[PDB]
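Have a look at the structure below, then the notes.
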Amino acid sequence: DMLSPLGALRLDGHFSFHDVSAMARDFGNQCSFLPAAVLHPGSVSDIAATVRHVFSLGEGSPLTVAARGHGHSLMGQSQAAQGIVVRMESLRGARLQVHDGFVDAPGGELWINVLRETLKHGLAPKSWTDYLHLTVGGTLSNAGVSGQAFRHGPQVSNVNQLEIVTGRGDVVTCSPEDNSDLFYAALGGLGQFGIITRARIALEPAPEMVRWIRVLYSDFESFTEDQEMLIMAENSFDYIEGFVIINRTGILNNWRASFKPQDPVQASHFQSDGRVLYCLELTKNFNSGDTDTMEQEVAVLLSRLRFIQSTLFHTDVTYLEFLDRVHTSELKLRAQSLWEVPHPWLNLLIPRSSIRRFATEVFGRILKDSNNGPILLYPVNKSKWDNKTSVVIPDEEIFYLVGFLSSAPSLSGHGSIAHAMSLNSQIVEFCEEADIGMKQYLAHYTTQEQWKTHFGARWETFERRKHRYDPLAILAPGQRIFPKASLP
Ligand SMILES: *Cc1cc2c(cc1C)nc1c(=O)[nH]c(=O)nc-1n2C[C@H](O)[C@H](O)[C@H](O)COP(=O)(O)OP(=O)(O)OC[C@H]1O[C@@H](n2cnc3c(N)ncnc32)[C@H](O)[C@@H]1O
């Protein structure tokens, strides 16, 4: 019995061995791997003791440890087949502190909760993700990208310190100045180097309100040129995003529910039918007193753009309302029982030079419909992403985030996980064949060889960090990069 010495451990928290099924499922709703045990931690000491114990068994044990945040992984990257899942959200106690324009947040804290606390002090993190019901540890283990990364970099670029439980069971505090290798390694580290029990996140003064803007484009070349210019512009918009709208009808009437149109007369006629359209989603942060300054400031920035004048829809919402926007969507989908469905997502990082080529085969040919799920498309600046981290990004100075955020509500037909799978396969096949120079975000490779190809020249550094902080490959088994007890 390998789980009997687990039950022996005098934990602050405790282990669950039978009711473990929720830990055997994630957002992707495709991979299910039954863990042997679930640690409900009462302290970081409990996580340290558990990893220490697994380590103490050396190579001759199949035991693995997976930390679970909010389980937003797509292919079981938060799961542990016949191993231990650490329910990070279970880590309770007043550990969320704001000081010196920083917030020290536990690894299992949700960004929405970090924001709600941080606003009580008139501050807020600089960079975000589209959805805030995600853990600090889970996004930092990836990158954490929204429409602020062009300016502040991903979330990984706005972290000052980390408390990590290494794969040896060591509780280490690290930053650019002390244990710096471990610090840079964990960021975009896919949970391979240890468990992020705490993180210090940079804050900025929070605006009270946001002017949330949406406009349409019929020409990609114009849509992209306008995007690339706003991300490089001085005193630009606070958030910059975009979406591809394929074979969808009356999209401006599907906006009127939330947004107000600048000239409702021309907008009422505009047909969305049969033509691939492109949406530019912008925001300008402002405080009530500064409403007038902002209106003039926005008008100037919009005046340099090439969008369809009638399509300009806008709304004025509170900062929090704009940041939590996806939770509203989540709530609707939950009501229609459309939230716990397979999500065969494809998240791509496309270099600027390949974007027009990419959009030609993908949106023009490969895809006849987008109705199945939204398509995100937006450029970012490489200058804002540190090369000391584990984050895999293309070599160009400007690269695009392309996310096919597709759902499969059907067992046959168009969606249908097998249809989604094929379309995903085709896009990937084309990116290789046509020399796009694409790199995947939230990758789900099953073999070390596919991973080595992914990291490329970064592989040596990754395997070096791996042997260093997790020699027995105990941590984040579902990433599938390192088999248990594998390193040379
Ligand atoms: C579901 C979803 C995901 C998503 C998104 C919107 C939705 C609805 N929008 C995103 C966006 O705007 N930008 C972005 O960068 N990512 C976005 N995502 C994806 C999401 O960030 C990730 O799924 C991420 O993993 C965060 O989610 P979560 O907190 O739920 O963590 P996890 O899914 O359980 O596990 C992720 C991996 O990291 C390891 N892990 C988890 N916690 C830790 C800690 N504390 N320390 C170290 N490693 C950790 C897991 O084992 C797993 O490998």
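Quick note: the coordinates plus some simple rules give every number you see, no bench work behind them. Don't worry about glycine lacking a Cβ; one is built from the backbone with ideal geometry, like all the others, and counts go over all protein chains shown.
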Next item on the list: Among the trypsin sites (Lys or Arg not before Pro) in segment 284-344, which ones are in a DSSP loop with at most 16 other Cβ atoms within 10 Å of the Cβ? Mind listing them?
Entry: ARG304, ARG306
Next item on the list: State the extension gain, in nm to one decimal, for the chain segment bounded by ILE112 and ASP181, taking 0.36 nm per residue of separation less the distance between their alpha-carbons.
Entry: 21.9 nm
Margin query: If I stretch the segment between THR293 and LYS260 completely, what's the gain in nm (0.36 nm per residue apart, minus their alpha carbon distance), one decimal?
Written below: 9.8 nm
Notebook entry, point to check: What's the tally of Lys pairs in segment 209-441 whose alpha-carbon atoms lie under 28 angstrom apart, where the two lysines are 8 or more places apart or on different chains?
Noted result: 10
Checklist line | Exposure proxy ranking, count of Cβ atoms within 10 Å, fewest first, for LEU190, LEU405 | finding: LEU405, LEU190
Check: Gain in length, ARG95 to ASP170, computed as 0.36 nm per residue apart minus the alpha-carbon separation, to one decimal in nm?
Finding: 25.0 nm
Checklist line | Ellipsoid equivalent to segment 209-441 - semi-axes via the Cα gyration tensor, in Å | finding: 28, 23, 18
Next item on the list: Provide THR318, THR50 in ascending order of the number of other Cβ atoms located within 10 Å of each residue's Cβ, fewest first.
Entry: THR318, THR50
Checklist line | Inter-probe distance in nm under a simple model that places probes 7 Å from Cα toward Cβ, at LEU333 and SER218 | finding: 3.2
Item checked: Magnitude of the charge dipole, segment 4-87, Cβ model with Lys/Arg +1 and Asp/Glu -1, debye to 20 -> 40
Notebook entry, point to check: Given the convex hull of the Cα atoms of segment 320-387, what is a quarter of its surface area in nm²?
Noted result: 7.3
Note to self: So if I take the centroid of the Cα atoms in segment 1-73 and the same for segment 242-270, what is the distance between those two points in Å?
What the structure shows: 48
Notebook entry, point to check: For segment 88-208, treating each Cα as an identical point scatterer without solvent, what Debye log10 I(q)/I(0) comes out at q = 0.15 1/Å?
Noted result: -0.60
Item checked: Distant-in-sequence amide H partners of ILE245 (H built 1.01 Å from N, under 5 Å) -> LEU277, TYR278, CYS279
Checklist line | segment 272-314 residues near the modelled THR249 label - backbone nitrogen below 14 Å, point 7 Å along Cα→Cβ | finding: 272-275
Note to self: Ratio of alpha-carbon Rg to the 2.2 N^0.38 Å globular estimate for segment 406-467, to two decimals, please.
What the structure shows: 1.45
Check: Once the Cβ-Cβ distance between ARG10 and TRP459 is put in as r, and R0 is 30 Å, what FRET efficiency do you end up with, to the nearest 0.05?
Finding: 0.15
Next item on the list: Evaluate Rg over Rh across the chain, taking Cα atoms for both radii and Kirkwood's formula for Rh.
Entry: 0.97
